[PDB]
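Working notes, structure below.
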Amino acid sequence: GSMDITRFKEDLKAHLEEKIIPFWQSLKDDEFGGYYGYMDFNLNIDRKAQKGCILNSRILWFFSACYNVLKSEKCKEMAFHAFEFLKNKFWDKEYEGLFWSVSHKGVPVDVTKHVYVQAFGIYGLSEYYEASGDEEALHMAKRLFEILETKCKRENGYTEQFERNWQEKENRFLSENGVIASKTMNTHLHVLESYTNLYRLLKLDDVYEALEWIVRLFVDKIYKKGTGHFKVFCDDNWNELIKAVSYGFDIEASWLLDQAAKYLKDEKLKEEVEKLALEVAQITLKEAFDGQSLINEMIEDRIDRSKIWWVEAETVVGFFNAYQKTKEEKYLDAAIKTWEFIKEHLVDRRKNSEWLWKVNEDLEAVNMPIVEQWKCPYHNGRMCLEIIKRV
Ligand SMILES: O=C[C@@H](O)[C@@H](O)[C@H](O)[C@H](O)CO
Ligand SMILES: OC[C@H]1O[C@@H](O)[C@@H](O)[C@@H](O)[C@@H]1O
């Protein structure tokens, strides 16, 4: 820590409190429950938009973590509102687990069960349990864990997509050329993340074993040894469908794996994981940090130098984490300058807005929604919360 790091945290706390929190408070749907599901680039909310379960759970996580860190009573009420919509509309009373999507009124639109959705449910419900003490939220998280472990897990990871009644299906995520990816970095990273939070709160043996198991899967199958990159979209045997590098996923997995490593009881694996996380952060700085911000991805030989909101948020956390473990100032410098880029190019200058989805290579804003099933307060809100907690 120093004077720059302290002012850094203060700046992120003010941004979260004066920009992020009140923006997402304005998305609260008091007519039907939950949160409005879409806001276009011109800041027009579509109150009738379908509501994604992942978005609701990320909002639940965000407001819960805000209460847990800042003790804001309004944030706890905002989390309650999202918990109520999860409980009443996304949770399947008959077969259990969480639907994929519902209408703005809460009518089930896509009742299939995806591990990606269940994991985010565990993440938000456990966070909300810490904030509220609600035993029903704790029950749902535990049941989601047992379902994942007893119905969805396989020898080499999770089957990712299921019918409503948990009969397995082929996956819904597709490679760039339309081949089904039976194994995705996406799903398994958020299983890891949700299990870390669950174990941190519960400290249960069964949960520890599943956490260690998923950490090992990342070390043994998903990580591309010696490259600093993880596989993104795979067949059922963790063979890449395409040579693809997501620098955003790399740097996020870097600090998430580092985080889980703190709980590991096998000291060899723990040293392994901490070395992996730093190898990834080192490669990421060298290959994807342009001196200003992080580029997006490389698909085969095509580089996308767009600046995506969640990539830069995770870059700030990942590089700050790398700085904390090494004390090498190149990482701290990179994290702060990425924050300075976000402030100048991704924080919307129009009133009553939040963060732009992306700017292109030429730093031009691109027409993309401000709120969508995949654009949430989770990444950028967690960026602020992490720095607040770490400094
Ligand atoms: O398609 C993109 C998303 O499903 C995620 O892959 C992405 O990393 C962020 O989570 C955006 O929400
Ligand atoms: O690769 C296809 C296979 O991938 C698995 O993970 C499951 O989704 C199976 O239902 C499917 O047959």
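Letters A, B, ... mark the chains of the structure tokens in the order given; residue numbers begin at 1 per chain; ligand numbers begin at 1, in order shown.
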
Residue neighbourhood segment 145-159 of chain A, 8 Å, only C-alpha atoms, exclusion window fewer than 5 positions, as a list in words: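 Listing them by chain and then by number gives residues 97, 115, 118, 122, 166, 168, 171, 182, 183, 188, 210, 214, 217 and 237 of chain A.
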
Just the selected residues (N, CA, C and O atoms), exported as a PDB file, in the first residue's frame, please.
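This went into selection-v3.pdb:
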ATOM      1  N   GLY A  97     -33.914 -26.212  -8.645  1.00  0.00           N
ATOM      2  CA  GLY A  97     -33.003 -25.499  -9.515  1.00  0.00           C
ATOM      3  C   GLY A  97     -33.689 -24.295 -10.137  1.00  0.00           C
ATOM      4  O   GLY A  97     -34.866 -24.010  -9.898  1.00  0.00           O
ATOM      5  N   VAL A 115     -26.002 -25.420 -15.885  1.00  0.00           N
ATOM      6  CA  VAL A 115     -25.071 -25.342 -14.763  1.00  0.00           C
ATOM      7  C   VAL A 115     -24.589 -23.908 -14.562  1.00  0.00           C
ATOM      8  O   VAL A 115     -24.426 -23.440 -13.429  1.00  0.00           O
ATOM      9  N   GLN A 118     -27.131 -22.331 -12.550  1.00  0.00           N
ATOM     10  CA  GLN A 118     -27.184 -22.812 -11.171  1.00  0.00           C
ATOM     11  C   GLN A 118     -26.019 -22.245 -10.358  1.00  0.00           C
ATOM     12  O   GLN A 118     -26.184 -21.872  -9.187  1.00  0.00           O
ATOM     13  N   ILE A 122     -25.974 -20.138  -6.861  1.00  0.00           N
ATOM     14  CA  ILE A 122     -25.232 -20.422  -5.627  1.00  0.00           C
ATOM     15  C   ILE A 122     -24.445 -19.196  -5.186  1.00  0.00           C
ATOM     16  O   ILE A 122     -24.383 -18.866  -3.995  1.00  0.00           O
ATOM     17  N   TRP A 166     -33.982 -32.375 -15.360  1.00  0.00           N
ATOM     18  CA  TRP A 166     -32.575 -32.748 -15.180  1.00  0.00           C
ATOM     19  C   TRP A 166     -32.143 -33.934 -16.041  1.00  0.00           C
ATOM     20  O   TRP A 166     -31.066 -34.467 -15.814  1.00  0.00           O
ATOM     21  N   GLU A 168     -30.219 -35.106 -19.204  1.00  0.00           N
ATOM     22  CA  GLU A 168     -29.174 -34.325 -19.852  1.00  0.00           C
ATOM     23  C   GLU A 168     -29.510 -34.050 -21.316  1.00  0.00           C
ATOM     24  O   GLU A 168     -30.215 -34.813 -21.978  1.00  0.00           O
ATOM     25  N   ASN A 171     -25.220 -29.341 -25.270  1.00  0.00           N
ATOM     26  CA  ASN A 171     -25.098 -27.999 -24.726  1.00  0.00           C
ATOM     27  C   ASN A 171     -25.697 -26.955 -25.669  1.00  0.00           C
ATOM     28  O   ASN A 171     -25.857 -27.185 -26.865  1.00  0.00           O
ATOM     29  N   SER A 182     -19.275 -28.975 -25.766  1.00  0.00           N
ATOM     30  CA  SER A 182     -19.794 -29.744 -24.633  1.00  0.00           C
ATOM     31  C   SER A 182     -19.121 -29.385 -23.321  1.00  0.00           C
ATOM     32  O   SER A 182     -19.626 -29.777 -22.259  1.00  0.00           O
ATOM     33  N   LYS A 183     -18.001 -28.663 -23.377  1.00  0.00           N
ATOM     34  CA  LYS A 183     -17.254 -28.226 -22.193  1.00  0.00           C
ATOM     35  C   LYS A 183     -16.834 -26.780 -22.416  1.00  0.00           C
ATOM     36  O   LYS A 183     -16.143 -26.488 -23.400  1.00  0.00           O
ATOM     37  N   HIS A 188     -17.441 -23.644 -16.126  1.00  0.00           N
ATOM     38  CA  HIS A 188     -16.650 -24.216 -15.045  1.00  0.00           C
ATOM     39  C   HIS A 188     -15.991 -23.136 -14.205  1.00  0.00           C
ATOM     40  O   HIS A 188     -15.801 -23.324 -12.996  1.00  0.00           O
ATOM     41  N   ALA A 210     -15.532 -30.706  -3.297  1.00  0.00           N
ATOM     42  CA  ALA A 210     -15.932 -30.253  -4.633  1.00  0.00           C
ATOM     43  C   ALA A 210     -15.121 -29.045  -5.083  1.00  0.00           C
ATOM     44  O   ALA A 210     -14.813 -28.902  -6.274  1.00  0.00           O
ATOM     45  N   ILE A 214     -12.761 -29.059  -8.471  1.00  0.00           N
ATOM     46  CA  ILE A 214     -12.850 -28.150  -9.605  1.00  0.00           C
ATOM     47  C   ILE A 214     -11.536 -27.390  -9.787  1.00  0.00           C
ATOM     48  O   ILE A 214     -11.105 -27.140 -10.924  1.00  0.00           O
ATOM     49  N   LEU A 217      -9.360 -29.678 -11.776  1.00  0.00           N
ATOM     50  CA  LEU A 217      -9.776 -29.714 -13.172  1.00  0.00           C
ATOM     51  C   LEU A 217      -9.164 -28.560 -13.952  1.00  0.00           C
ATOM     52  O   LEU A 217      -8.675 -28.747 -15.072  1.00  0.00           O
ATOM     53  N   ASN A 237     -14.179 -33.756 -24.117  1.00  0.00           N
ATOM     54  CA  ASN A 237     -12.933 -34.262 -23.553  1.00  0.00           C
ATOM     55  C   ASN A 237     -11.918 -33.141 -23.344  1.00  0.00           C
ATOM     56  O   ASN A 237     -10.712 -33.400 -23.299  1.00  0.00           O
TER      57      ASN A 237
END

Write out as a PyMOL selection string which residues come within 10 Å of segment 342-346 of chain A when counting only C-alpha atoms, dropping same-chain ones fewer than 2 positions away. chain A and resi 15+292-293+307-309+312-313+316+336-340+348-349+354-359+363-365

Neighbouring residues of ligand 1 are defined here as those with any atom at most 9 Å from a ligand atom, counting only C-alpha atoms and all ligand atoms; list them as number ranges by chain. A: 54-55, 185-187, 246, 248-249, 309-311, 372-376, 378-379

Of the residues A:304, A:163, A:193, A:386, which is the one nearest to ligand 2, using only C-alpha atoms and all ligand atoms?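 Among A:304, A:163, A:193, A:386, it is A:163 that comes nearest to ligand 2.
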
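Around residue 202 of chain A, within 10 Å and counting only C-alpha atoms, the residues found are residues 126, 138, 142, 196, 197, 207 and 208 of chain A, once anything fewer than 5 positions away on its own chain is removed.
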
File dump, residues just selected, N, CA, C and O atoms, as an mmCIF file, in the first residue's frame:
data_model
loop_
_atom_site.group_PDB
_atom_site.id
_atom_site.type_symbol
_atom_site.label_atom_id
_atom_site.label_comp_id
_atom_site.auth_asym_id
_atom_site.auth_seq_id
_atom_site.Cartn_x
_atom_site.Cartn_y
_atom_site.Cartn_z
ATOM 1 N N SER A 126 -25.620 -17.465 -1.696
ATOM 2 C CA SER A 126 -24.728 -17.542 -0.543
ATOM 3 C C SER A 126 -24.361 -16.147 -0.057
ATOM 4 O O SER A 126 -24.373 -15.879 1.148
ATOM 5 N N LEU A 138 -30.080 -20.035 2.098
ATOM 6 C CA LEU A 138 -29.079 -21.058 2.391
ATOM 7 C C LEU A 138 -29.540 -22.433 1.928
ATOM 8 O O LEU A 138 -28.737 -23.224 1.418
ATOM 9 N N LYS A 142 -27.589 -24.769 -0.932
ATOM 10 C CA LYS A 142 -27.186 -26.144 -0.653
ATOM 11 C C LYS A 142 -27.837 -27.122 -1.621
ATOM 12 O O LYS A 142 -27.184 -28.043 -2.118
ATOM 13 N N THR A 196 -16.331 -21.451 -4.237
ATOM 14 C CA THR A 196 -15.446 -20.747 -3.309
ATOM 15 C C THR A 196 -16.255 -19.947 -2.290
ATOM 16 O O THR A 196 -15.988 -20.000 -1.084
ATOM 17 N N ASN A 197 -17.262 -19.229 -2.745
ATOM 18 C CA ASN A 197 -18.087 -18.437 -1.867
ATOM 19 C C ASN A 197 -18.885 -19.350 -0.939
ATOM 20 O O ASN A 197 -18.982 -19.095 0.192
ATOM 21 N N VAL A 207 -18.437 -29.647 0.540
ATOM 22 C CA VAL A 207 -18.161 -28.491 -0.306
ATOM 23 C C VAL A 207 -16.658 -28.325 -0.503
ATOM 24 O O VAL A 207 -16.204 -27.987 -1.602
ATOM 25 N N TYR A 208 -15.854 -28.581 0.533
ATOM 26 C CA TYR A 208 -14.412 -28.469 0.317
ATOM 27 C C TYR A 208 -13.950 -29.424 -0.772
ATOM 28 O O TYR A 208 -13.190 -29.040 -1.673
#

Quick one: pull the distance between atom CA of residue 88 of chain A and atom CA of residue 62 of chain A, Å, one decimal. 19.3 Å

Long-range neighbours of residue 35 of chain A as a PyMOL selection string, 10 Å cut-off, only C-alpha atoms, 2 positions minimum in chain: chain A and resi 24-33+37-38+47+49+51-52+55-56+59+78+81-82+85+104

Please, could you write that set of residues out with N, CA and C atoms as a JSON list (two decimals), in the first residue's frame?
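Everything below was put into part21.json:
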[["chain", "number", "residue", "atom", "x", "y", "z"],
["A", 24, "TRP", "N", -28.21, 0.97, -10.75],
["A", 24, "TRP", "CA", -28.92, -0.30, -10.71],
["A", 24, "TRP", "C", -30.13, -0.22, -9.80],
["A", 25, "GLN", "N", -30.10, 0.67, -8.80],
["A", 25, "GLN", "CA", -31.33, 0.92, -8.06],
["A", 25, "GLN", "C", -32.46, 1.38, -8.98],
["A", 26, "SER", "N", -32.14, 2.11, -10.05],
["A", 26, "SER", "CA", -33.18, 2.63, -10.93],
["A", 26, "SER", "C", -33.76, 1.57, -11.87],
["A", 27, "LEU", "N", -33.18, 0.38, -11.89],
["A", 27, "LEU", "CA", -33.68, -0.72, -12.70],
["A", 27, "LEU", "C", -34.67, -1.59, -11.92],
["A", 28, "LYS", "N", -34.96, -1.23, -10.67],
["A", 28, "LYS", "CA", -35.85, -2.04, -9.84],
["A", 28, "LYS", "C", -37.27, -2.03, -10.42],
["A", 29, "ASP", "N", -37.84, -3.21, -10.60],
["A", 29, "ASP", "CA", -39.17, -3.37, -11.17],
["A", 29, "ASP", "C", -40.13, -3.60, -10.00],
["A", 30, "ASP", "N", -40.80, -2.54, -9.57],
["A", 30, "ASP", "CA", -41.79, -2.66, -8.51],
["A", 30, "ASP", "C", -43.17, -3.05, -9.03],
["A", 31, "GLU", "N", -43.35, -3.15, -10.34],
["A", 31, "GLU", "CA", -44.66, -3.54, -10.86],
["A", 31, "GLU", "C", -44.82, -5.05, -10.85],
["A", 32, "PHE", "N", -43.80, -5.79, -11.29],
["A", 32, "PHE", "CA", -43.87, -7.24, -11.37],
["A", 32, "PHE", "C", -42.83, -7.96, -10.53],
["A", 33, "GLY", "N", -41.86, -7.24, -9.96],
["A", 33, "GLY", "CA", -40.79, -7.84, -9.20],
["A", 33, "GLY", "C", -39.51, -7.93, -10.00],
["A", 37, "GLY", "N", -35.18, -5.95, -17.60],
["A", 37, "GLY", "CA", -34.24, -6.81, -18.28],
["A", 37, "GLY", "C", -33.46, -6.23, -19.45],
["A", 38, "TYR", "N", -33.69, -4.97, -19.81],
["A", 38, "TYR", "CA", -33.01, -4.41, -20.98],
["A", 38, "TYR", "C", -33.01, -2.89, -20.91],
["A", 47, "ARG", "N", -39.32, -2.11, -20.08],
["A", 47, "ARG", "CA", -39.84, -2.74, -18.88],
["A", 47, "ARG", "C", -40.48, -4.09, -19.16],
["A", 49, "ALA", "N", -39.14, -6.33, -21.21],
["A", 49, "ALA", "CA", -38.14, -7.27, -21.68],
["A", 49, "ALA", "C", -38.18, -8.55, -20.85],
["A", 51, "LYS", "N", -36.61, -11.48, -18.66],
["A", 51, "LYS", "CA", -35.67, -11.34, -17.55],
["A", 51, "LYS", "C", -34.81, -12.58, -17.49],
["A", 52, "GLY", "N", -33.50, -12.40, -17.68],
["A", 52, "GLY", "CA", -32.57, -13.52, -17.56],
["A", 52, "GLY", "C", -32.29, -13.87, -16.11],
["A", 55, "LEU", "N", -28.83, -12.65, -14.93],
["A", 55, "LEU", "CA", -28.82, -11.23, -14.58],
["A", 55, "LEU", "C", -29.41, -11.01, -13.19],
["A", 56, "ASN", "N", -30.56, -11.62, -12.91],
["A", 56, "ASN", "CA", -31.16, -11.48, -11.58],
["A", 56, "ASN", "C", -30.21, -11.95, -10.48],
["A", 59, "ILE", "N", -27.42, -9.50, -9.99],
["A", 59, "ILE", "CA", -27.90, -8.34, -9.25],
["A", 59, "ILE", "C", -28.04, -8.69, -7.77],
["A", 78, "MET", "N", -32.50, -3.83, -1.73],
["A", 78, "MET", "CA", -32.41, -4.13, -3.15],
["A", 78, "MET", "C", -32.10, -5.61, -3.38],
["A", 81, "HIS", "N", -35.26, -7.65, -2.82],
["A", 81, "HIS", "CA", -36.14, -7.59, -3.98],
["A", 81, "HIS", "C", -35.71, -8.60, -5.05],
["A", 82, "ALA", "N", -34.40, -8.75, -5.27],
["A", 82, "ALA", "CA", -33.92, -9.74, -6.22],
["A", 82, "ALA", "C", -34.05, -11.16, -5.67],
["A", 85, "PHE", "N", -37.69, -12.29, -6.27],
["A", 85, "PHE", "CA", -37.99, -12.70, -7.64],
["A", 85, "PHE", "C", -37.35, -14.04, -7.97],
["A", 104, "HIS", "N", -41.26, -10.67, -18.30],
["A", 104, "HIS", "CA", -41.20, -9.58, -17.33],
["A", 104, "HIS", "C", -42.20, -9.76, -16.19]]

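Taking only C-alpha atoms and all ligand atoms into account, ligand 2 lies nearest to A:173 out of the set A:255, A:90, A:173, A:36.
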
Would you return as JSON, numbers by chain the members of segment 168-260 of chain A that DSSP assigns to helix (DSSP H, G or I) on this structure's backbone? {"A": [185, 186, 187, 188, 189, 190, 191, 192, 193, 194, 195, 196, 197, 198, 199, 200, 201, 202, 205, 206, 207, 208, 209, 210, 211, 212, 213, 214, 215, 216, 217, 218, 219, 220, 221, 222, 247, 248, 249, 250, 251, 252, 253, 254, 255, 256, 257, 258, 259, 260]}

Find, counting only C-alpha atoms and all ligand atoms, the residue in A:91, A:218, A:162, A:100 that gets nearest to ligand 2.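 The closest residue to ligand 2 is A:162.
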
Which is closest to residue 189 of chain A among A:253, A:127, A:144, A:136, if we use only C-alpha atoms? A:253

Which of segment 161-192 of chain A fall in strand (DSSP E), as a PDB file with N, CA and C atoms, in the first residue's frame:
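The file below, result.pdb, is the result:
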ATOM      1  N   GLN A 161     -25.936 -28.687 -19.705  1.00  0.00           N
ATOM      2  CA  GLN A 161     -27.304 -28.342 -20.075  1.00  0.00           C
ATOM      3  C   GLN A 161     -28.226 -29.532 -19.850  1.00  0.00           C
ATOM      4  N   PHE A 162     -29.398 -29.261 -19.267  1.00  0.00           N
ATOM      5  CA  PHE A 162     -30.357 -30.290 -18.904  1.00  0.00           C
ATOM      6  C   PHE A 162     -31.769 -29.806 -19.199  1.00  0.00           C
ATOM      7  N   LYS A 183     -18.001 -28.663 -23.377  1.00  0.00           N
ATOM      8  CA  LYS A 183     -17.254 -28.226 -22.193  1.00  0.00           C
ATOM      9  C   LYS A 183     -16.834 -26.780 -22.416  1.00  0.00           C
ATOM     10  N   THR A 184     -17.235 -25.871 -21.526  1.00  0.00           N
ATOM     11  CA  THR A 184     -16.857 -24.470 -21.675  1.00  0.00           C
ATOM     12  C   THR A 184     -16.120 -23.955 -20.446  1.00  0.00           C
TER      13      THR A 184
END
